[PDB]
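Undergrad: Attaching a single structure in structure tokens format; questions to follow.
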Amino acid sequence: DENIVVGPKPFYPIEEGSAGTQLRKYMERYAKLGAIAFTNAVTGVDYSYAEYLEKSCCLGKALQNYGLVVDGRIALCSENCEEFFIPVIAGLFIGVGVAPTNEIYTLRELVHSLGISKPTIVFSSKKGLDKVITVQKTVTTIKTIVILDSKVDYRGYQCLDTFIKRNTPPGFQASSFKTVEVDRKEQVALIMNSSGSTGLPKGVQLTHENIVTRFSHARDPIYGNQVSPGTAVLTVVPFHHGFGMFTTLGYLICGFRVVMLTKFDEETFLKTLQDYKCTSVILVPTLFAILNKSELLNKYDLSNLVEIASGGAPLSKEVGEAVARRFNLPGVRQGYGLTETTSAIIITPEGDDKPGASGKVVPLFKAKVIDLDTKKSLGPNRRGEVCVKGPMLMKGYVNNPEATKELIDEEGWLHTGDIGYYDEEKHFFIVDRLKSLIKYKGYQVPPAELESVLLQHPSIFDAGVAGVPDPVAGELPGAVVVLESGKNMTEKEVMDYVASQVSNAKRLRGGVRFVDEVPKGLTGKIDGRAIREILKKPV
Ligand SMILES: Nc1ncnc2c1ncn2[C@@H]1O[C@H](COP(=O)(O)O)[C@@H](O)[C@H]1O
Ligand SMILES: O=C1CSC(c2nc3ccc(O)cc3s2)=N1
């Protein structure tokens, strides 16, 4: 089938050994250089590769002495912090699966998520502690809670350093620790949760094989970033999620200084880019607005920044192009993937930007676009459902064989639930989620297309689009808008603006509501259910 698109051979073949073995190999190399692994942008605290490796090795030994066996389970519940990856790396080192969650989960989400992954130990931030304690009342198999981001015991709980001390012999030599080899294709490494799900979280089982494939991509000269000493990357993406998880672990393989930024006011963002001499930034679409509108770019030395990348949700072509222009870059680097595919499976190749494209199929992967009804493959410039196949496909959902079967078909293809197409040169374009399409008469209107028009208006800060039920037409496109501070538009002004830029079918017949915040998930995907509720309210 000439409709199947096949990625090229990786520059660097997948290395032998587990994901833990590969992380140890590379982290050790950078430790001996005296390189910095993590930096908290706002406090300036650094962890060297040496320190980070040592603590991860020591925690690995501590977890074994505690009694965890291969295929045991631990979790994190934490907002981004520079310590986040210590339990991740320790777990990869010893073959104990790690279930990352964020302090920002609701209690309903967290009780469900940890109820699935069943961690013996939870590494909680101080901020997340109350939620973890509450969850433990239901998930009573959680034996131990350790405080991730404290140097001292906190509210009666052992901090990370105390847990290590209490579970390793005095004088223990970290240098003596050995990574545990595992059955690479079968051994669960991580249990992840998607963001912006319409249901409760499912546990996505990712293996060592999945991760070591990502490591080949991350170092790839075309599909990743080249190793270069102590180079700094600014990251704003949630670590507990696949997007932050696998960009960050890839950066550690590459020896980068990971500059973690948790505050998004414009001055902090730009001061961080400048002060840490960041060469790359990895963003969610919302933050492009800041850069496009900023009047302060000129006040900072931003000359080190040579790559701006996006992922997680649709990025307006025109907003991306404007920001790339401001920074005198060819284009925005993009990646598209799902939690269930580990990381990005379509990535902008270096030297192969195409306006609007999400990129090309990554090495070792294949992709196709299928007809929404027949499920047969399509040629170029034909919209349908994107499907992918390759060694980053998850092992399956935890204890949910029905959901696994719905996602990955009898021929091994993962159905992404996303509409897109590829062009004659095989660049893929991702339009929106199938479940998000607005069924106006016989049309299927993608909210992202309307959101892009709205985000181009200089008086609009943010917007989200969803369908309002209608007896005659089925659904009407409607919008929630956050106005820029000091600017005003009426509902009619917004509607008329949109009507001037779009086809008849795409008009905002469902109306416009003004709000302080557009409901979005943790990686920027629009919360349609929440938008529909706002639109329904008499205002
Ligand atoms: N570059 C991208 N452009 C458009 N949508 C994206 C992109 N990357 C991720 N997504 C969306 O995010 C979904 C995966 O979200 P998650 O389940 O949280 O991993 C995909 O199915 C897409 O709908
Ligand atoms: O929804 C998801 C799950 S993993 C992922 C991404 N991973 C990435 C890696 C690099 C990149 O540039 C862009 C992306 S998006 N997006």
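Ordering of the structure tokens sets the chain letters (A, B, ...); residue numbers start at 1 within each chain; ligands are numbered from 1 in the order shown.
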For chain A against ligand 2, with a cut-off of 8 Å and counting only C-alpha atoms and all ligand atoms, what is the closest atom pair and its distance in Å to one decimal for every residue that makes the cut, ordered by chain and number, as CSV?
TA:
residue,atom,partner,partner_atom_place_in_ligand_line,distance
A:194,CA,ligand 2,1 (O),7.1
A:195,CA,ligand 2,1 (O),7.5
A:241,CA,ligand 2,3 (C),7.0
A:242,CA,ligand 2,4 (S),4.4
A:243,CA,ligand 2,4 (S),3.8
A:244,CA,ligand 2,7 (N),7.3
A:246,CA,ligand 2,9 (C),6.6
A:247,CA,ligand 2,9 (C),5.3
A:282,CA,ligand 2,12 (O),6.9
A:309,CA,ligand 2,12 (O),5.5
A:310,CA,ligand 2,12 (O),5.6
A:311,CA,ligand 2,15 (S),3.9
A:312,CA,ligand 2,16 (N),4.3
A:313,CA,ligand 2,1 (O),7.3
A:333,CA,ligand 2,12 (O),6.3
A:334,CA,ligand 2,12 (O),4.8
A:335,CA,ligand 2,13 (C),3.3
A:336,CA,ligand 2,15 (S),4.6
A:337,CA,ligand 2,5 (C),4.5
A:338,CA,ligand 2,3 (C),3.8
A:339,CA,ligand 2,3 (C),4.2
A:340,CA,ligand 2,3 (C),7.5
A:341,CA,ligand 2,4 (S),7.3
A:342,CA,ligand 2,4 (S),6.0
A:343,CA,ligand 2,4 (S),4.0
A:344,CA,ligand 2,7 (N),4.2
A:345,CA,ligand 2,7 (N),8.0
A:347,CA,ligand 2,12 (O),6.5
A:348,CA,ligand 2,12 (O),7.9
A:523,CA,ligand 2,1 (O),7.2
Undergrad: Next, the residues of the selection above should be written as a short mmCIF file (atom, residue, chain, number, x, y, z; two decimals), in the first residue's frame with N, CA and C atoms.
TA:
data_model
loop_
_atom_site.label_atom_id
_atom_site.label_comp_id
_atom_site.auth_asym_id
_atom_site.auth_seq_id
_atom_site.Cartn_x
_atom_site.Cartn_y
_atom_site.Cartn_z
N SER A 194 -3.07 10.34 30.28
CA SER A 194 -3.41 11.40 29.34
C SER A 194 -3.95 12.63 30.08
N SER A 195 -3.97 13.76 29.38
CA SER A 195 -4.64 14.96 29.88
C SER A 195 -5.86 15.23 29.01
N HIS A 241 3.25 14.29 32.63
CA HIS A 241 2.62 13.95 31.35
C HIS A 241 3.67 13.54 30.32
N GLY A 242 3.30 12.68 29.38
CA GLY A 242 4.23 12.23 28.33
C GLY A 242 5.02 13.31 27.62
N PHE A 243 4.38 14.45 27.37
CA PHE A 243 5.02 15.55 26.68
C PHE A 243 6.25 16.03 27.50
N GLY A 244 6.05 16.32 28.79
CA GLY A 244 7.18 16.74 29.63
C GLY A 244 8.10 15.59 30.00
N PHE A 246 8.99 12.78 28.29
CA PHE A 246 9.89 12.29 27.27
C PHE A 246 10.74 13.31 26.54
N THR A 247 10.32 14.57 26.57
CA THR A 247 11.25 15.63 26.20
C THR A 247 12.32 15.74 27.26
N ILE A 282 10.71 24.75 24.77
CA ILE A 282 9.62 23.86 24.47
C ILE A 282 8.36 24.37 25.20
N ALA A 309 9.94 25.33 19.87
CA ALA A 309 9.16 24.13 19.60
C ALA A 309 7.82 24.16 20.32
N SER A 310 6.84 23.49 19.71
CA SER A 310 5.49 23.40 20.25
C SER A 310 5.02 21.97 20.19
N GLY A 311 4.07 21.66 21.06
CA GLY A 311 3.42 20.37 21.05
C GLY A 311 2.20 20.37 21.96
N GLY A 312 1.54 19.22 22.02
CA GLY A 312 0.44 19.01 22.95
C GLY A 312 -0.95 19.32 22.45
N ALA A 313 -1.07 20.33 21.59
CA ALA A 313 -2.38 20.79 21.12
C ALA A 313 -2.17 21.56 19.82
N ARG A 333 9.39 24.50 15.46
CA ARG A 333 9.54 23.04 15.45
C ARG A 333 8.32 22.46 16.14
N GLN A 334 7.75 21.41 15.56
CA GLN A 334 6.56 20.83 16.16
C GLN A 334 6.72 19.34 16.36
N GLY A 335 5.99 18.81 17.33
CA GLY A 335 5.89 17.37 17.56
C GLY A 335 4.45 17.04 17.86
N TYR A 336 4.02 15.88 17.37
CA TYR A 336 2.67 15.37 17.58
C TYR A 336 2.76 13.93 18.01
N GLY A 337 2.12 13.63 19.13
CA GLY A 337 2.03 12.27 19.62
C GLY A 337 0.93 12.17 20.64
N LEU A 338 0.78 10.97 21.19
CA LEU A 338 -0.22 10.69 22.22
C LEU A 338 0.47 10.02 23.39
N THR A 339 -0.15 10.06 24.57
CA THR A 339 0.41 9.31 25.71
C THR A 339 0.63 7.84 25.31
N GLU A 340 -0.32 7.29 24.57
CA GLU A 340 -0.29 5.89 24.14
C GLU A 340 0.77 5.58 23.06
N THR A 341 1.42 6.61 22.50
CA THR A 341 2.55 6.38 21.59
C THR A 341 3.87 6.81 22.22
N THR A 342 3.89 6.94 23.56
CA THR A 342 5.06 7.36 24.36
C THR A 342 5.36 8.83 24.18
N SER A 343 5.78 9.20 22.97
CA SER A 343 6.19 10.55 22.69
C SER A 343 5.74 10.93 21.29
N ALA A 344 6.37 11.95 20.72
CA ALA A 344 5.97 12.42 19.38
C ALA A 344 6.30 11.37 18.33
N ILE A 345 5.34 11.06 17.45
CA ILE A 345 5.60 10.15 16.35
C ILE A 345 5.60 10.85 14.99
N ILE A 347 7.33 14.58 13.75
CA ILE A 347 8.20 15.66 14.25
C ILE A 347 8.73 16.42 13.04
N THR A 348 8.77 17.75 13.15
CA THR A 348 9.42 18.58 12.12
C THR A 348 10.91 18.19 11.97
N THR A 523 -2.12 20.08 29.08
CA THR A 523 -1.22 20.36 27.96
C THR A 523 -1.86 21.19 26.84
#
Undergrad: Give me, please, the distance in Å between atom CA of residue 272 of chain A and atom CA of residue 349 of chain A, quoted to one decimal.
TA: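 Going from atom CA of residue 272 of chain A over to atom CA of residue 349 of chain A, I get 26.7 Å.
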Undergrad: Write out as a list in words all residues of segment 262-360 of chain A that backbone DSSP assigns to alpha helix (DSSP H).
TA: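 The residues of segment 262-360 of chain A classed as alpha helix (DSSP H) are residues 266, 267, 268, 269, 270, 271, 272, 273, 274, 275, 288, 289, 290, 291, 292, 293, 317, 318, 319, 320, 321, 322, 323, 324, 325 and 326 of chain A.
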Undergrad: At a cut-off of 9 Å, using only C-alpha atoms, what residues contact residue 251 of chain A? Leave out same-chain residues fewer than 3 positions from it and give the result as a PyMOL selection string.
TA: chain A and resi 37+218-219+225+227+233+246-248+254-258
Undergrad: Filtering to N, CA and C atoms, could you give me those residues as a PDB file, in the first residue's frame?
TA:
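Generated output (part-v7.pdb):
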ATOM      1  N   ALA A  37      22.397  19.364  35.266  1.00  0.00           N
ATOM      2  CA  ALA A  37      21.247  18.629  34.709  1.00  0.00           C
ATOM      3  C   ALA A  37      19.945  19.409  34.811  1.00  0.00           C
ATOM      4  N   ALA A 218      15.570  11.282  20.320  1.00  0.00           N
ATOM      5  CA  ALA A 218      15.952  12.501  21.026  1.00  0.00           C
ATOM      6  C   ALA A 218      17.322  13.020  20.611  1.00  0.00           C
ATOM      7  N   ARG A 219      18.223  12.091  20.301  1.00  0.00           N
ATOM      8  CA  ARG A 219      19.604  12.391  19.898  1.00  0.00           C
ATOM      9  C   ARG A 219      19.735  12.512  18.381  1.00  0.00           C
ATOM     10  N   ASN A 225      17.680  16.526  18.797  1.00  0.00           N
ATOM     11  CA  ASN A 225      18.644  17.596  19.061  1.00  0.00           C
ATOM     12  C   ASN A 225      20.032  16.975  19.232  1.00  0.00           C
ATOM     13  N   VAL A 227      23.728  16.256  20.700  1.00  0.00           N
ATOM     14  CA  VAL A 227      24.535  16.445  21.907  1.00  0.00           C
ATOM     15  C   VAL A 227      25.481  17.654  21.737  1.00  0.00           C
ATOM     16  N   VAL A 233      18.128  24.356  27.767  1.00  0.00           N
ATOM     17  CA  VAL A 233      16.784  24.288  27.174  1.00  0.00           C
ATOM     18  C   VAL A 233      15.736  24.738  28.194  1.00  0.00           C
ATOM     19  N   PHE A 246       8.988  12.781  28.293  1.00  0.00           N
ATOM     20  CA  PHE A 246       9.893  12.294  27.267  1.00  0.00           C
ATOM     21  C   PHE A 246      10.736  13.312  26.541  1.00  0.00           C
ATOM     22  N   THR A 247      10.321  14.574  26.572  1.00  0.00           N
ATOM     23  CA  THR A 247      11.246  15.634  26.205  1.00  0.00           C
ATOM     24  C   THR A 247      12.324  15.737  27.255  1.00  0.00           C
ATOM     25  N   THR A 248      11.947  15.760  28.536  1.00  0.00           N
ATOM     26  CA  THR A 248      12.953  15.933  29.601  1.00  0.00           C
ATOM     27  C   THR A 248      13.940  14.768  29.651  1.00  0.00           C
ATOM     28  N   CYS A 254      20.821  13.797  26.084  1.00  0.00           N
ATOM     29  CA  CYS A 254      21.590  14.737  25.246  1.00  0.00           C
ATOM     30  C   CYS A 254      22.583  15.600  26.041  1.00  0.00           C
ATOM     31  N   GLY A 255      22.524  15.521  27.378  1.00  0.00           N
ATOM     32  CA  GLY A 255      23.439  16.281  28.235  1.00  0.00           C
ATOM     33  C   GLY A 255      23.097  17.744  28.449  1.00  0.00           C
ATOM     34  N   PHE A 256      21.858  18.102  28.151  1.00  0.00           N
ATOM     35  CA  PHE A 256      21.418  19.487  28.252  1.00  0.00           C
ATOM     36  C   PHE A 256      21.197  19.925  29.693  1.00  0.00           C
ATOM     37  N   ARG A 257      21.233  21.239  29.904  1.00  0.00           N
ATOM     38  CA  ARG A 257      20.810  21.812  31.178  1.00  0.00           C
ATOM     39  C   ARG A 257      19.309  22.094  31.054  1.00  0.00           C
ATOM     40  N   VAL A 258      18.506  21.387  31.847  1.00  0.00           N
ATOM     41  CA  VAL A 258      17.070  21.512  31.729  1.00  0.00           C
ATOM     42  C   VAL A 258      16.661  22.664  32.647  1.00  0.00           C
TER      43      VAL A 258
END
